[PDB]
Amino acid sequence: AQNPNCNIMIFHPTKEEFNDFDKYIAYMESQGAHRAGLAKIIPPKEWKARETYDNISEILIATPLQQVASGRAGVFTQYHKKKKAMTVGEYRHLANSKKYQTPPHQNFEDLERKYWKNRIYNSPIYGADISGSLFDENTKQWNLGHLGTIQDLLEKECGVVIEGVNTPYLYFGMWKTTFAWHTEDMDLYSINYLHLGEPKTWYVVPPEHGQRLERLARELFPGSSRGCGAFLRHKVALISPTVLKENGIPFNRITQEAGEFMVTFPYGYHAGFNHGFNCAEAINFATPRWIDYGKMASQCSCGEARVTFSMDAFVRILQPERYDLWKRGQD
Ligand SMILES: O=C(O)CNC(=O)C(=O)O
Ligand SMILES: [Mg+2]
Ligand code: NI
Ligand SMILES: [Zn+2]
């Protein structure tokens, strides 16, 4: 068995290997990459996403989100308070202000210590989930706006044509902006490109151990667990590496820098934080190997998780028994 310890693997494809996206994902899996739940891909030196980032300041962040924490430093939830619209130039100036800017630090490990010590005492503002793309239309390789769609994958594997579309999303971050513990909708893959700015630190649980994280989460968030049998779908809970180690949960960590891709694999729980002002692009995708994960994915039916239009058909075709209850949650 390849990668039996479930370590995060790092890949360096050549320009020739960067042509065929599907084939390269399947290669990474032949080497055991999926067992970690997360992989890093460093693009060939010949490649670029676009020519410059000098002209992005007029993008609008219609609903910036203030991430307010509750709990203790290592075990907390966050709620998202909606703020007034602002441009990316306005948001960058806010990120760099004395109130929000990255503190002085020695290295990534010192900044990680500071994050876990102090995150709950501040409320950073995140521009999340903004439909759009920063890839140039002439970038042919690993262009996250030109991937094969999940609807086409389902149709190719299973024969059923379905409605829905699959487009990328932009994220503008600042120091301490946080992504809570989650798997993707319908336990899909994700791919994330860090276009510019400061790093993003990731934590991940191997897919084969995801239920260990769920059992810990039920113990640490007992009211939330009573409210919903899949409350991590709400994407609000944080648990620190120190707490995971104290409870014997297998995990790994890695820092993504500008110019690098990360892939998350089906049922790979992940969480993390941004080091300073940055911009990332991400999209969900599928392969043949995903179908069985999609058929088994948990679902939130309490009404909190509220998701995209295109998840309807995935539940309807892959999980017809659960469809009626899930849809009640959506209405
Ligand atoms: O970058 C972020 O805030 C969150 N991204 C992801 O969870 C992802 O790409 O799957
Ligand atoms: Mg602009
Ligand atoms: Ni994710
Ligand atoms: Zn729920």
# chains A, B, ... in the order shown; residues from 1 in each chain; ligands from 1

$ residues_near_ligand --ligand "ligand 1" --cutoff "6 Å" --atoms "only C-alpha atoms and all ligand atoms" --output "VMD selection string"
chain A and resid 179 190 to 192 282

$ select_by_dssp --residues "stretch 219-322 of chain A" --states "strand (DSSP E or B)" --output "ChimeraX atom specification"
/A:237-239,252-256,261-264,269-274,278-285

$ residues_near_ligand --ligand "ligand 2" --cutoff "9 Å" --atoms "only C-alpha atoms and all ligand atoms" --output "count of residues only"
10

$ residues_around --residues "residue A:62" --least-positions-apart "5" --cutoff "12 Å" --atoms "only C-alpha atoms" --output "list in words"
residues 82, 83, 84, 85, 86, 87, 88, 91, 126, 127, 128, 129, 130, 131 and 172 of chain A

$ closest_atom_pairs --of "chain A" --to "ligand 4" --cutoff "10 Å" --atoms "only C-alpha atoms and all ligand atoms" --output "Markdown table"
| residue | atom | partner | partner_atom_place_in_ligand_line | distance |
| --- | --- | --- | --- | --- |
| A:224 | CA | ligand 4 | 1 (Zn) | 8.5 |
| A:225 | CA | ligand 4 | 1 (Zn) | 8.9 |
| A:226 | CA | ligand 4 | 1 (Zn) | 9.9 |
| A:227 | CA | ligand 4 | 1 (Zn) | 7.0 |
| A:228 | CA | ligand 4 | 1 (Zn) | 4.5 |
| A:229 | CA | ligand 4 | 1 (Zn) | 6.9 |
| A:230 | CA | ligand 4 | 1 (Zn) | 5.8 |
| A:231 | CA | ligand 4 | 1 (Zn) | 4.8 |
| A:232 | CA | ligand 4 | 1 (Zn) | 7.9 |
| A:233 | CA | ligand 4 | 1 (Zn) | 6.6 |
| A:234 | CA | ligand 4 | 1 (Zn) | 6.2 |
| A:235 | CA | ligand 4 | 1 (Zn) | 9.8 |
| A:299 | CA | ligand 4 | 1 (Zn) | 7.8 |
| A:300 | CA | ligand 4 | 1 (Zn) | 4.1 |
| A:301 | CA | ligand 4 | 1 (Zn) | 5.5 |
| A:302 | CA | ligand 4 | 1 (Zn) | 4.2 |
| A:303 | CA | ligand 4 | 1 (Zn) | 5.7 |
| A:304 | CA | ligand 4 | 1 (Zn) | 4.8 |
| A:305 | CA | ligand 4 | 1 (Zn) | 5.6 |
| A:306 | CA | ligand 4 | 1 (Zn) | 8.7 |
| A:329 | CA | ligand 4 | 1 (Zn) | 8.4 |

$ residues_near_ligand --ligand "ligand 3" --cutoff "7 Å" --atoms "only C-alpha atoms and all ligand atoms" --output "short mmCIF file (atom, residue, chain, number, x, y, z; two decimals) with N, CA, C and O atoms, in the first residue's frame"
data_model
loop_
_atom_site.label_atom_id
_atom_site.label_comp_id
_atom_site.auth_asym_id
_atom_site.auth_seq_id
_atom_site.Cartn_x
_atom_site.Cartn_y
_atom_site.Cartn_z
N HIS A 182 -13.96 20.88 8.17
CA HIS A 182 -15.03 20.43 7.26
C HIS A 182 -14.47 19.49 6.26
O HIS A 182 -13.28 19.46 5.94
N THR A 183 -15.38 18.68 5.65
CA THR A 183 -15.16 18.09 4.32
C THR A 183 -15.94 18.85 3.28
O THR A 183 -16.78 19.72 3.63
N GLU A 184 -15.71 18.64 1.98
CA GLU A 184 -16.45 19.32 0.96
C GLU A 184 -17.90 18.84 0.90
O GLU A 184 -18.21 17.76 1.31
N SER A 190 -11.55 19.18 -3.56
CA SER A 190 -11.38 20.60 -3.87
C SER A 190 -9.98 20.83 -4.39
O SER A 190 -9.05 20.06 -4.09
N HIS A 270 -10.48 19.17 6.79
CA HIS A 270 -9.42 20.18 6.82
C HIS A 270 -9.91 21.43 7.51
O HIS A 270 -11.11 21.72 7.54
#

$ atom_distance --atom1 "atom CA of residue A:8" --atom2 "atom CA of residue A:208"
14.1 Å

$ closest_residue --among "A:177, A:319, A:19, A:107" --to "residue A:295" --atoms "only C-alpha atoms"
A:319

$ closest_residue --among "A:221, A:142, A:76, A:181" --to "residue A:119" --atoms "only C-alpha atoms"
A:76

$ select_by_dssp --residues "stretch 18-192 of chain A" --states "helix (DSSP H, G or I)" --output "PyMOL selection string"
chain A and resi 21-30+33-36+88-95+108-121+150-158+185-187

$ write_last_selection --atoms "N, CA and C atoms" --output "compact mmCIF listing (two decimals), in the first residue's frame"
# COMPACT_ATOMS: atom_id res chain seq x y z
N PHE A 21 -4.95 17.28 -16.68
CA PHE A 21 -5.30 17.40 -15.23
C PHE A 21 -5.76 16.08 -14.66
N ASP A 22 -6.75 15.43 -15.27
CA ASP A 22 -7.25 14.19 -14.77
C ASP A 22 -6.17 13.14 -14.60
N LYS A 23 -5.31 13.02 -15.61
CA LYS A 23 -4.26 12.01 -15.60
C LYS A 23 -3.30 12.26 -14.39
N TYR A 24 -3.01 13.52 -14.13
CA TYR A 24 -2.05 13.86 -13.02
C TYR A 24 -2.71 13.56 -11.67
N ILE A 25 -4.00 13.85 -11.49
CA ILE A 25 -4.66 13.45 -10.24
C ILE A 25 -4.58 11.95 -10.03
N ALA A 26 -4.91 11.20 -11.10
CA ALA A 26 -4.81 9.76 -10.99
C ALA A 26 -3.35 9.28 -10.67
N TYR A 27 -2.37 9.93 -11.25
CA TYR A 27 -0.95 9.64 -10.90
C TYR A 27 -0.70 9.85 -9.39
N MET A 28 -1.12 11.03 -8.89
CA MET A 28 -0.88 11.31 -7.48
C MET A 28 -1.51 10.25 -6.59
N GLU A 29 -2.72 9.77 -6.92
CA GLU A 29 -3.37 8.76 -6.17
C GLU A 29 -2.61 7.39 -6.31
N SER A 30 -2.06 7.10 -7.49
CA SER A 30 -1.24 5.86 -7.64
C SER A 30 -0.09 5.88 -6.66
N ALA A 33 -1.19 9.60 -2.60
CA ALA A 33 -1.41 10.99 -2.06
C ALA A 33 -2.72 11.15 -1.32
N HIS A 34 -3.78 10.54 -1.81
CA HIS A 34 -5.11 10.72 -1.20
C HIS A 34 -5.18 10.24 0.19
N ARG A 35 -4.30 9.32 0.62
CA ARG A 35 -4.41 8.78 1.99
C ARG A 35 -4.23 9.88 3.01
N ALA A 36 -3.48 10.94 2.71
CA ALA A 36 -3.32 12.11 3.64
C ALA A 36 -4.55 12.99 3.76
N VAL A 88 -11.61 45.31 -3.14
CA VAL A 88 -10.39 44.62 -2.79
C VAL A 88 -9.33 45.63 -2.40
N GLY A 89 -9.24 46.81 -3.03
CA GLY A 89 -8.26 47.83 -2.57
C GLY A 89 -8.61 48.29 -1.19
N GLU A 90 -9.82 48.56 -0.81
CA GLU A 90 -10.20 48.95 0.47
C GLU A 90 -9.90 47.83 1.50
N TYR A 91 -10.18 46.58 1.16
CA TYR A 91 -9.95 45.43 2.04
C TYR A 91 -8.44 45.26 2.28
N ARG A 92 -7.60 45.35 1.28
CA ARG A 92 -6.16 45.27 1.44
C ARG A 92 -5.65 46.36 2.43
N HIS A 93 -6.13 47.57 2.28
CA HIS A 93 -5.73 48.63 3.24
C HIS A 93 -6.18 48.29 4.64
N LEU A 94 -7.37 47.73 4.86
CA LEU A 94 -7.83 47.31 6.14
C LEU A 94 -6.98 46.18 6.72
N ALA A 95 -6.63 45.19 5.93
CA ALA A 95 -5.80 44.07 6.36
C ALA A 95 -4.43 44.56 6.89
N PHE A 108 7.27 30.53 10.45
CA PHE A 108 5.87 30.06 10.37
C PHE A 108 5.47 29.40 11.67
N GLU A 109 6.34 28.64 12.35
CA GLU A 109 5.99 28.01 13.60
C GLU A 109 5.68 29.02 14.71
N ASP A 110 6.42 30.13 14.82
CA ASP A 110 6.13 31.14 15.83
C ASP A 110 4.73 31.79 15.51
N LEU A 111 4.47 32.03 14.21
CA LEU A 111 3.18 32.62 13.86
C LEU A 111 2.04 31.64 14.18
N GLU A 112 2.21 30.35 13.96
CA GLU A 112 1.24 29.34 14.31
C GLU A 112 0.93 29.34 15.84
N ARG A 113 2.00 29.45 16.67
CA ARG A 113 1.83 29.55 18.11
C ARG A 113 0.98 30.77 18.47
N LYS A 114 1.30 31.90 17.89
CA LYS A 114 0.56 33.10 18.14
C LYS A 114 -0.94 33.02 17.71
N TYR A 115 -1.15 32.40 16.55
CA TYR A 115 -2.53 32.15 16.07
C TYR A 115 -3.32 31.38 17.12
N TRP A 116 -2.84 30.23 17.57
CA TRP A 116 -3.60 29.42 18.49
C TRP A 116 -3.75 30.02 19.88
N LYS A 117 -2.76 30.81 20.28
CA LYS A 117 -2.85 31.50 21.58
C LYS A 117 -3.88 32.58 21.56
N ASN A 118 -3.94 33.39 20.52
CA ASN A 118 -4.63 34.65 20.48
C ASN A 118 -5.82 34.82 19.55
N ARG A 119 -6.08 33.83 18.68
CA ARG A 119 -7.14 33.98 17.66
C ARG A 119 -8.49 34.44 18.29
N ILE A 120 -8.88 33.80 19.39
CA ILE A 120 -10.25 34.07 19.89
C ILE A 120 -10.45 35.52 20.35
N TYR A 121 -9.37 36.24 20.62
CA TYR A 121 -9.49 37.59 21.16
C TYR A 121 -9.63 38.66 20.10
N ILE A 150 -18.51 18.59 -12.58
CA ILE A 150 -18.97 17.44 -11.77
C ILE A 150 -20.22 16.80 -12.38
N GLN A 151 -21.06 17.66 -13.03
CA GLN A 151 -22.28 17.12 -13.73
C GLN A 151 -21.87 16.28 -14.88
N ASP A 152 -20.82 16.60 -15.65
CA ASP A 152 -20.37 15.82 -16.73
C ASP A 152 -19.72 14.52 -16.24
N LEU A 153 -18.95 14.61 -15.12
CA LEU A 153 -18.39 13.38 -14.51
C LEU A 153 -19.52 12.38 -14.13
N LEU A 154 -20.52 12.91 -13.41
CA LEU A 154 -21.65 12.01 -13.01
C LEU A 154 -22.28 11.41 -14.21
N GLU A 155 -22.45 12.18 -15.31
CA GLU A 155 -23.06 11.68 -16.50
C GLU A 155 -22.20 10.65 -17.16
N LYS A 156 -20.87 10.85 -17.31
CA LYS A 156 -19.98 9.93 -17.83
C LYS A 156 -19.92 8.57 -17.05
N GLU A 157 -19.95 8.67 -15.72
CA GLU A 157 -19.83 7.43 -14.88
C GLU A 157 -21.12 6.72 -14.80
N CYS A 158 -22.21 7.39 -14.73
CA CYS A 158 -23.49 6.76 -14.29
C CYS A 158 -24.58 6.81 -15.40
N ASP A 185 -18.74 19.67 0.27
CA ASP A 185 -20.14 19.27 -0.04
C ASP A 185 -20.06 17.90 -0.77
N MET A 186 -20.91 16.98 -0.32
CA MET A 186 -21.04 15.67 -0.93
C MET A 186 -19.67 14.93 -0.99
N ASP A 187 -18.77 15.29 -0.03
CA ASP A 187 -17.38 14.73 0.09
C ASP A 187 -16.65 14.77 -1.25

$ closest_residue --among "A:175, A:200, A:189, A:5" --to "residue A:104" --atoms "only C-alpha atoms"
A:175

$ closest_residue --among "A:65, A:10, A:188, A:125" --to "residue A:314" --atoms "only C-alpha atoms"
A:188

$ closest_atom_pairs --of "stretch 199-296 of chain A" --to "stretch 42-49 of chain A" --cutoff "9 Å" --atoms "only C-alpha atoms" --output "Markdown table"
| residue | atom | partner | partner_atom | distance |
| --- | --- | --- | --- | --- |
| A:259 | CA | A:42 | CA | 7.4 |
| A:260 | CA | A:42 | CA | 5.2 |
| A:261 | CA | A:42 | CA | 6.4 |
| A:262 | CA | A:42 | CA | 8.8 |

$ closest_residue --among "A:147, A:216, A:236, A:315" --to "residue A:271" --atoms "only C-alpha atoms"
A:236

$ closest_residue --among "A:31, A:66, A:178, A:308" --to "residue A:240" --atoms "only C-alpha atoms"
A:178

$ atom_distance --atom1 "atom CA of residue A:291" --atom2 "atom CA of residue A:6"
21.6 Å
